[PDB]
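Asker: Before I ask anything, here is the structure I am working with.
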Amino acid sequence: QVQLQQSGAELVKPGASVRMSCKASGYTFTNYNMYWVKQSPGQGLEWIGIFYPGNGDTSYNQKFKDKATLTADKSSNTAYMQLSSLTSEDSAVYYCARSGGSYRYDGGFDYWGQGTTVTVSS
Amino acid sequence: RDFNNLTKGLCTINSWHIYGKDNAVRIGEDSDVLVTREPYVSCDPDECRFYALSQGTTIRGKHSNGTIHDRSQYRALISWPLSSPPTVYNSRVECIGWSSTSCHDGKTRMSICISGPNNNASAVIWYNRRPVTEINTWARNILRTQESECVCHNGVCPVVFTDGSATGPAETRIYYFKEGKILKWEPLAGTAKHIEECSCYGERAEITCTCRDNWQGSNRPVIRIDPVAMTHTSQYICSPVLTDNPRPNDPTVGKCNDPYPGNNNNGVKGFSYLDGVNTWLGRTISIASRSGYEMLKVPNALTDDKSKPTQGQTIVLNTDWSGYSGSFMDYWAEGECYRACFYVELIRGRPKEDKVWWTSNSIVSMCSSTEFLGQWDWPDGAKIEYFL
Amino acid sequence: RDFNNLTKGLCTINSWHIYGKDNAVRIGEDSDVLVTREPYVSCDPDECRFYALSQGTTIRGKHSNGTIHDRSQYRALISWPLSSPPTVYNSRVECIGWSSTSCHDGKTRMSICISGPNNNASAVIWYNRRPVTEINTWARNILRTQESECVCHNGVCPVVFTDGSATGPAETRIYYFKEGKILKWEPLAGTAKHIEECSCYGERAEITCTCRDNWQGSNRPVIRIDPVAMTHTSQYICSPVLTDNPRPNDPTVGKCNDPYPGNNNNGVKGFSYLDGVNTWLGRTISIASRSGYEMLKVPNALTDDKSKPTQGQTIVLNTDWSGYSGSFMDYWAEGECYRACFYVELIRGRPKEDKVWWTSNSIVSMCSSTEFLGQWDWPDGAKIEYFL
Amino acid sequence: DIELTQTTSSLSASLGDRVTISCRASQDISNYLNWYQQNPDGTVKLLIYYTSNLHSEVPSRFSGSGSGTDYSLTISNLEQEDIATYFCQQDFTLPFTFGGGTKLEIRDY
Ligand SMILES: *[C@@H]1O[C@H](CO)[C@@H](O[C@@H]2O[C@H](CO)[C@@H](O[C@@H]3O[C@H](CO)[C@@H](O)[C@H](O[C@H]4O[C@H](CO)[C@@H](O)[C@H](O)[C@@H]4O[C@H]4O[C@H](CO)[C@@H](O)[C@H](O)[C@@H]4O[C@H]4O[C@H](CO)[C@@H](O)[C@H](O)[C@@H]4O)[C@@H]3O)[C@H](O)[C@H]2NC(C)=O)[C@H](O)[C@H]1NC(C)=O
Ligand SMILES: *[C@@H]1O[C@H](CO)[C@@H](O[C@@H]2O[C@H](CO)[C@@H](O[C@@H]3O[C@H](CO)[C@@H](O)[C@H](O[C@H]4O[C@H](CO)[C@@H](O)[C@H](O)[C@@H]4O[C@H]4O[C@H](CO)[C@@H](O)[C@H](O)[C@@H]4O[C@H]4O[C@H](CO)[C@@H](O)[C@H](O)[C@@H]4O)[C@@H]3O)[C@H](O)[C@H]2NC(C)=O)[C@H](O)[C@H]1NC(C)=O
Ligand SMILES: *[C@@H]1O[C@H](CO)[C@@H](O)[C@H](O)[C@H]1NC(C)=O
Ligand SMILES: *[C@@H]1O[C@H](CO)[C@@H](O)[C@H](O)[C@H]1NC(C)=O
Ligand SMILES: *[C@@H]1O[C@H](CO)[C@@H](O)[C@H](O)[C@H]1NC(C)=O
Ligand SMILES: *[C@@H]1O[C@H](CO)[C@@H](O)[C@H](O)[C@H]1NC(C)=O
Ligand SMILES: [Ca+2]
Ligand SMILES: [Ca+2]
Numbered sequence: 068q069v070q071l072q073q074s075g076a077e078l079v080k081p082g083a084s085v086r087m088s089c090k091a092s093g094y095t096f097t098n099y100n101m102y103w104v105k106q107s108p109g110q111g112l113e114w115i116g117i118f119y120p121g122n123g124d125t126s127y128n129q130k131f132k133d134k135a136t137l138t139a140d141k142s143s144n145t146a147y148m149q150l151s152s153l154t155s156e157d158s159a160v161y162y163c164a165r166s167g168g169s170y171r172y173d174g175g176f177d178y179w180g181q182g183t184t185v186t187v188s189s
Numbered sequence: 006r007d008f009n010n011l012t013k014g015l016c017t018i019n020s021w022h023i024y025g026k027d028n029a030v031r032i033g034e035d036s037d038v039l040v041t042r043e044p045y046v047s048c049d050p051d052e053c054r055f056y057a058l059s060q061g062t063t064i065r066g067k068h069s070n071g072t073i074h075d076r077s078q079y080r081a082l083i084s085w086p087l088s089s090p091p092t093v094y095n096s097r098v099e100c101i102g103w104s105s106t107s108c109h110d111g112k113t114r115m116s117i118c119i120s121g122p123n124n125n126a127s128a129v130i131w132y133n134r135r136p137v138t139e140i141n142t143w144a145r146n147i148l149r150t151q152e153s154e155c156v157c158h159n160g161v162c163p164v165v166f167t168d169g170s171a172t173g174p175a176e177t178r179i180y181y182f183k184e185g186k187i188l189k190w191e192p193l194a195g196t197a198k199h200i201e202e203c204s205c206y207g208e209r210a211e212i213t214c215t216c217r218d219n220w221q222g223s224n225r226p227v228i229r230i231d232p233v234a235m236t237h238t239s240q241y242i243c244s245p246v247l248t249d250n251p252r253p254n255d256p257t258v259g260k261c262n263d264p265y266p267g268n269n270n271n272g273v274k275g276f277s278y279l280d281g282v283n284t285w286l287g288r289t290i291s292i293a294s295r296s297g298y299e300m301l302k303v304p305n306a307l308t309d310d311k312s313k314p315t316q317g318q319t320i321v322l323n324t325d326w327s328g329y330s331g332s333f334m335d336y337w338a339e340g341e342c343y344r345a346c347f348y349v350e351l352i353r354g355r356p357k358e359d360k361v362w363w364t365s366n367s368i369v370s371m372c373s374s375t376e377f378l379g380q381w382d383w384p385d386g387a388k389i390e391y392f393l
Numbered sequence: 006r007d008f009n010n011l012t013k014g015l016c017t018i019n020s021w022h023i024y025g026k027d028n029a030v031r032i033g034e035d036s037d038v039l040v041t042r043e044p045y046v047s048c049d050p051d052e053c054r055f056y057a058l059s060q061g062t063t064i065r066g067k068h069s070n071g072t073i074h075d076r077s078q079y080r081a082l083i084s085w086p087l088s089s090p091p092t093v094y095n096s097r098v099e100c101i102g103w104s105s106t107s108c109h110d111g112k113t114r115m116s117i118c119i120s121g122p123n124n125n126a127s128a129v130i131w132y133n134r135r136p137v138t139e140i141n142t143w144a145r146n147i148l149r150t151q152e153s154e155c156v157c158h159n160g161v162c163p164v165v166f167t168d169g170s171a172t173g174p175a176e177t178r179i180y181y182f183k184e185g186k187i188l189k190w191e192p193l194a195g196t197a198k199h200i201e202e203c204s205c206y207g208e209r210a211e212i213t214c215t216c217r218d219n220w221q222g223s224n225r226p227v228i229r230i231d232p233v234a235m236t237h238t239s240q241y242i243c244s245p246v247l248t249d250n251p252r253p254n255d256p257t258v259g260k261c262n263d264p265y266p267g268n269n270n271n272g273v274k275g276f277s278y279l280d281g282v283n284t285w286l287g288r289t290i291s292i293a294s295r296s297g298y299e300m301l302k303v304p305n306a307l308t309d310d311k312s313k314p315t316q317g318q319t320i321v322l323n324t325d326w327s328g329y330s331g332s333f334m335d336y337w338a339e340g341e342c343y344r345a346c347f348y349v350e351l352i353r354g355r356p357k358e359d360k361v362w363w364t365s366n367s368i369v370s371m372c373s374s375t376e377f378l379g380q381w382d383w384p385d386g387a388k389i390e391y392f393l
Numbered sequence: 003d004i005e006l007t008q009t010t011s012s013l014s015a016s017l018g019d020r021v022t023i024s025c026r027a028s029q030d031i032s033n034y035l036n037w038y039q040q041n042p043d044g045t046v047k048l049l050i051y052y053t054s055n056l057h058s059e060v061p062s063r064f065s066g067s068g069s070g071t072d073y074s075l076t077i078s079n080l081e082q083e084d085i086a087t088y089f090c091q092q093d094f095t096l097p098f099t100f101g102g103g104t105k106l107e108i109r110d111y
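Written out as structure tokens, the structure is:
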């Protein structure tokens, strides 16, 4: 059965960078787009970008290019996201979802991770 | 020899078969192969050849670093024999510039290359391997042309240029040459909003070009030129099967004289063969990047705003990188009709593969068959890790 | 020019003399030489050339790793001038595919290349360097052809294809082309059980091909085609001097319309010149592997089931690797008769030499003499240790 | 890009009834709109995709509809496990955008 498990909560100071993971299971990792989403107070749900482990393609939301970097480890079937130069504006909950349409950009996000919370402040 | 006349119509397209492939990046890992991009194919009464814009270095050479840039004084239009790679020793320089077009008229060949800074560019028209006419920038913002072959009818060869912004309105013109000399030119007419990089073919005394809207249109602008009267018109393709890139997902109903929303201000060069039910459109498989390539039979795509696929053929899988694509035909072949053909540029390197510092490509080319042949996928074939 | 007609008979074969040798693997240790396999030779009214199926890399390049495989989208039929090696810079691509055949008809040349996945392959027939006809797989199991030249008589060029399993029965067909257009085709007739990779030659309005039984026959199947009536027949060679590989040791009495037992379901491409007492068969020296190569005069080998050698000539010693071999003749030479000729592929690399990761070959070619000339042995010449 | 607006962020209802939440797109999105359920524990689940397709193992009391710019989700007979926030999202064009969400509370009193 499809299962996406994410890393634990991060307590960080301003100016730091963090790297979280999303371990995939129950499906062929290389055949699906992996999406990343951000959820915060007074902002809601925002799409960050996409990484396709099949060939390494990526695309970002203009808003998040410069903040995030999508990467993956095809062997361990783990996907990562690094956020740099952390500011309190980045305190939120982060999710990784799978493309319901495999390598296509339709079909919705069919399976999500439980989310990793990043808390930035001194 | 006399001047060629477009006397025939298109043959029935039931499938596509391989015509040519050069494997330039595989061979170039250990050979003197030039870094190129923006290729095409074009025939003479006696032979067809590969064409492309060189970058003035070999793939393995230190000067390949930084080849992502597109305009410099180190580029030129080259031509090599069909299916060999673009080699330092076997390429023939057609002219100097960073934008081009070329075509034979039955008697001899006409080539055009544009060079210069963004605000002071100019085109020099070569006919029979000699300079004949020159044209200065009229909008002072990157004069540029087709990047695939032109077509001629009884000595007259129309060619379309654009000068002005990409992300906005520009001044597009259609020039009518004959022996490298200008017979006339006219500004774009019809409903088309923006016109870039046209892919053209001719049949029954008429020339049809499918182009790129960049600025807005995710559905493509089409131009129809009458080489005898020296007039033209333009419109958009009605079908909801979008064919630009990036582009939004396919809608259920399209737009005939307005571009398609969703995505704007970027694109890629492409083509189509509009012939009633004998209509085939080509497009990338991804809506985000230049990956994959497929042909789709969409009957009456031009005039029908609810047309959908009726048959198809995959050329390059979604995992493999592609790029520009365009059209050509061997107007001097024996037969009762013209066989449609096209090529696809397979880009390797930056920006998608950043472990290397260069950007280059190979070519895959196919033509139509009246048979129903089985398909295969044609990728570049090079292992990027070998270049590290 | 008119269409060539097979008006002459064979000359008397008293011995063989060198015709051509390219030393491709020696030179390729430090040169831009393409990795190839499955070569042949073929003439035009004005010149004879070397042909082979490229692997889309140079021998010294990193992509040479894994070249043992035979079917990919990176192969093509190439031709270079007689005796030079197959170079990136001097080879001319004839077509794209992993199986082929080619031949001139007096007026121009016809080439055929097959490509595609094992269950959806197709052949495209080029005549005068332009696509003319296409044929889809009829048995959905590796459509494949001769791998050596075809022969034409007054415009008509027969060619034999097979589609189906190797280790078992398949559907073999004989197509009759003229100007790249199909005049007709017919399924295999006669006593032959399986037919693969035919080697053909023509004389006195008749074409004779020696082929490979793979499945069972250690003695070879022979086909005789009448290009004027467009009919054929098949049988086996009676002689107990077996010529396939692997194969059992020579028996004292052979079989005329049944294959030879002992070994089955594997083989190698070969040839023979069947002309009464003027008959010569070629074979490898080892019964287990493709080592050595020798010619043997075995009078009436076709019709006599107790025929044995009467004279011989060694081409490659038992210690040296060989491979496929086939036939050709220069039908446009001056003279009263046709001089028989043939080539032998000298394979180097995997599987026999596994210290390297590639597979390639060179070529040695010889033609007949009416004299009794002294012999020499012609090996590849490369030292494998130099590639480590 | 396309902005999605979910009218009313709260829906106090009573177990057993039939609620209806809506989403309106700034432009035509040709039915390329989906619905998600975020539980109060953090879990997110896809309910409907492409205006009305049900994702596997989704209780049949959930249904969706719409066209052009207006779409809706309907839950026939509420159960206790339907207490969550519901979001709508589009995928007609990139970047993907979600709605504001609508908190559904089975009103106690
Ligand atoms: C041996 O040989 C022959 C090859 O000549 C093989 O037969 C052929 O088999 C083909 C593959 O099955 C078959 O092609 C298909 O033809 C149908 C109609 O007959 C056509 O619908 C297919 O095209 C759609 O499907 C492909 C994906 O599979 C899409 O990439 C394509 O774009 C088409 O769908 C998209 O657009 C449609 C119109 O808008 C949408 O309805 C659809 O949802 C889909 O949209 C999504 O994807 C788009 C891009 O990824 C995206 O833009 C959009 O927004 C959505 O996200 C396909 O052409 C050939 O017709 C058939 N040929 C013959 C003569 O039979 C044979 O199978 C081989 N044999 C063996 C034994 O292996
Ligand atoms: C200068 O120039 C000329 C060259 O043009 C030289 O003269 C030539 O010298 C040749 C070598 O002596 C001579 O060839 C021999 O001809 C005889 C008949 O006249 C023929 O029998 C010979 O062939 C057999 O012998 C060789 C091995 O030496 C085998 O490899 C070959 O296959 C033949 O034997 C095999 O098959 C036979 C039939 O079945 C069996 O009877 C036999 O047992 C043997 O079988 C085993 O080996 C097979 C493969 O290895 C295997 O399949 C089987 O199962 C068994 O295991 C050979 O052709 C030329 O005829 C002669 N030419 C002329 C014009 O005179 C001259 O010597 C040179 N001069 C100087 C001074 O050096
Ligand atoms: C094209 O037509 C003109 C008359 O319209 C004729 O002179 C010319 O020869 C034609 N082209 C060819 C190749 O015959
Ligand atoms: C390529 O050139 C750029 C700019 O000079 C430099 O940063 C980079 O290190 C070079 N890369 C290599 C591999 O030489
Ligand atoms: C072959 O024979 C035909 C008549 O059968 C003749 O027209 C043709 O010219 C002959 N070929 C040659 C080279 O003369
Ligand atoms: C050749 O490629 C194979 C498969 O990737 C690999 O195992 C082998 O190590 C390679 N050999 C060399 C010499 O690179
Ligand atoms: Ca566009
Ligand atoms: Ca055998």
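Protein chains in written order, with our numbering: chain A, 68 to 189; chain B, 6 to 393; chain C, 6 to 393; chain D, 3 to 111.
In this text, a Cβ means the ideal position worked out from N, Cα and C, and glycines have one as well.
Below 8 angstroms, can you find three or more Cβ-Cβ pairs linking the region 38–52 of chain D to the region 373–391 of chain C?
Answerer: Segments in contact, no.
Asker: Pick out the complete beta strand (DSSP E) segments inside the region 289–363 of chain C, 3 residues or longer, and give them in chain order.
Answerer: Qualifying beta strand (DSSP E) stretches, in chain order: 296–302, 316–326, 330–333, 346–354.
Asker: Just checking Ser-20 (chain B) against ligand 1 - is the residue's beta carbon closer than 7 angstroms to any of the ligand's heavy atoms?
Answerer: Because some heavy atom of ligand 1 lies under 7 angstroms away, the Cβ of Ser-20 (chain B) counts as near it: yes.
Asker: Say whether the region 250–268 of chain B touches the region 223–237 of chain B, bearing in mind that this needs 3 or more beta-carbon pairs closer than 8 angstroms, one atom from each stretch.
Answerer: Yes, the region 250–268 of chain B is in contact with the region 223–237 of chain B.
Asker: Tell me whether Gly-386 (chain B), by its Cβ, gets closer than 7 angstroms to a heavy atom of ligand 5.
Answerer: False, no ligand heavy atom lies under 7 angstroms from that Cβ.
Asker: Hey, does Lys-67 (chain C) have any beta-carbon neighbour from chain B nearer than 8 angstroms?
Answerer: Chain B, which has a Cβ nearer than 8 angstroms to the Cβ of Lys-67 (chain C), makes this yes.
Asker: What residues in the region 108–122 of chain A have a beta carbon less than 7 angstroms from any beta carbon of chain D?
Answerer: Against chain D - using a Cβ distance shorter than 7 angstroms - the residues of the region 108–122 of chain A are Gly-111, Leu-112, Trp-114.
Asker: Check whether chain C comes within 8 angstroms of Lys-388 (chain B), counting only Cβ atoms and requiring the distance to be less than that.
Answerer: Yes, because at least one Cβ of chain C sits closer than 8 angstroms to the Cβ of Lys-388 (chain B).
Asker: Per DSSP, which residues does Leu-378 (chain C) bridge with? Please list them.
Answerer: DSSP lists no partner for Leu-378 (chain C).
Asker: CB-CB under 6 angstroms to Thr-87 (chain D), same chain, minus the five flanking residues each way: which ones, in chain order?
Answerer: If we look at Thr-87 (chain D) and ignore the five residues flanking it on each side, its Cβ neighbours are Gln-40, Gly-103, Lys-105.
Asker: Strictly under 8 angstroms for the Cβ-Cβ distance: is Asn-305 (chain B) near chain D by that measure?
Answerer: No, because no Cβ of chain D sits closer than 8 angstroms to the Cβ of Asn-305 (chain B).
Asker: Count the other CB atoms, across all protein chains shown, that sit within 10 Å of the CB of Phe-377 (chain B); report buried if there are 16 or more and exposed otherwise.
Answerer: Classification for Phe-377 (chain B): exposed.
Asker: Grouping DSSP H, G and I as helix and E and B as strand, with all else coil, what is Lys-198 (chain B)?
Answerer: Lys-198 (chain B): coil per DSSP, three-state reduction.
Asker: For my contact list, residue 219 (chain A) and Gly-82 (chain A) are in at a C-beta cut-off of 8 angstroms; report their separation, rounded to the angstrom.
Answerer: Given that chain A is displayed from residue 68 to residue 189, the structure contains no residue 219 (chain A) and the question cannot be resolved.
Asker: Alpha carbon to alpha carbon, what distance is there between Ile-64 (chain B) and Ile-352 (chain B)?
Answerer: Cα to Cα, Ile-352 (chain B) sits roughly 13 angstroms from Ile-64 (chain B).
Asker: Does any residue of chain D have a CB that is nearer than 8 angstroms to the CB of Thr-257 (chain B)?
Answerer: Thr-257 (chain B) counts as touching chain D.
Asker: Please list the segments of the beta strand (DSSP E) lying wholly inside the region 139–190 of chain C, counting only runs of 3 or more residues, in order along the chain.
Answerer: Fully enclosed beta strand (DSSP E) runs of 3 or longer: 162–169, 175–183.
Asker: For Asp-72 (chain D), write down the residues that DSSP places opposite it in a beta bridge.
Answerer: Paired residue(s): D:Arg-26, D:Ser-69.
Asker: Is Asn-323 (chain B) close to chain A, meaning its C-beta is less than 8 angstroms from at least one C-beta of that chain?
Answerer: At least one chain A Cβ lies under 8 angstroms of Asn-323 (chain B).
Asker: With a threshold of 8 angstroms between beta-carbons, can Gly-121 (chain C) be considered close to chain E, or not?
Answerer: Of the protein chains in the structure, A, B, C and D, none is chain E.
Asker: For ligand 8, enumerate in chain order all residues having a CB closer than 5 angstroms to any of its heavy atoms.
Answerer: Taking each Cβ in turn, the ones that pass are C:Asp-249, C:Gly-272.
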